[PDB]
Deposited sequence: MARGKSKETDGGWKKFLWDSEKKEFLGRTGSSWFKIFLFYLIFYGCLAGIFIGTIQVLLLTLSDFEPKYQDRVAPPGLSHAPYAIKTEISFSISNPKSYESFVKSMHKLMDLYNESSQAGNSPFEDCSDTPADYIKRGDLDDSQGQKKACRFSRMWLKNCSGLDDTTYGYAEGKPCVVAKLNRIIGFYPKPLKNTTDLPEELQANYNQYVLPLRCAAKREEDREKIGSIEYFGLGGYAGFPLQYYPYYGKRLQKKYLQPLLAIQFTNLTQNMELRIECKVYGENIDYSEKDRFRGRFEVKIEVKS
């Protein structure tokens, strides 16, 4: 033929069949032992998610949400993702004492449901009403963005203490139980309005620590609705929403490390 005879062509097939078969069987074996060394409830390493990311619902083309108020299908793209998220926080999804629980309607302290063990059933998560998100189809004019803190197993978000000076200096400082979120731009051509649990501009600490998908399915993380009823129009406004805390840090590279990058433009 090309290389060899039929007899040789066969033998080279019988070899590579057994050979690659063995190699596949060995590869699988090493994957088995790897998995055997891992927990079902907690990942081996967590230093790469460490400082929590802050992500929002409006799917930004490039950290930007520009549209026209005087146009219907101009914002119907951002309403798709906005709906996708909030559709999960339905009351019909949170039914019965299992696996949900009614928690303080005001920001409270942490809740420990034991260890990362299966020695108990599904760890009961705090309910969250999308109805706590006042004012927010969504904002056809002047968007109503929804913030979110990235989930990390066993992470206890710790707010800053009012020992020294603060950006939003001491205003509504629920020091003991709220992780604040203050959006900014100089360039003050807007109108910041925050909505959340208990009416505070933060995340209620009663939703922590997260016990993971395996130990807490259907779990709901707290949301923070933000509305920009800015009196300006037809210009790119670089708005940055920042979260503050002891376990919260940022990076010049990762522009989502505990903060937002939104470029709103109501070009109408």
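Missing C-alpha coordinates mark the following deposited-sequence intervals, in order: 1-24, 161-168, 218-222.
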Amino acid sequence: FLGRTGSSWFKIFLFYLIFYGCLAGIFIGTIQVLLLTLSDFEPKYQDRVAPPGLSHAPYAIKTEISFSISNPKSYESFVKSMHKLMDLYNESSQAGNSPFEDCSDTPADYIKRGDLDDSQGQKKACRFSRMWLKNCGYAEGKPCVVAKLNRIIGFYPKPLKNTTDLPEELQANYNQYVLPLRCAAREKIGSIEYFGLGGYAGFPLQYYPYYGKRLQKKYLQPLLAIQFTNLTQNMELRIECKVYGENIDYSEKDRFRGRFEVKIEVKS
From here on, numbers count along this sequence of modelled residues.
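For the segment pair 35-43 and 53-61, the entry gives 53-61 the higher mean B-factor, averaged over Cα atoms. Between 22-30 and 198-206, the higher mean Cα B-factor belongs to 198-206. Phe155: CA B factor in the lowest third of modelled residues in this chain (values from the PDB entry). For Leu170, the recorded CA B-factor ranks within the highest third of the chain. Only modelled residues enter the ranking. When the CA B factors of the chain's modelled residues are split into thirds, the value for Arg238 lands in the highest one. Among all modelled residues in its chain, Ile69 ranks in the highest third by Cα B-factor.
In the deposited entry, the Cα temperature factor of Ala225 sits in the middle third of values across the chain's modelled residues.
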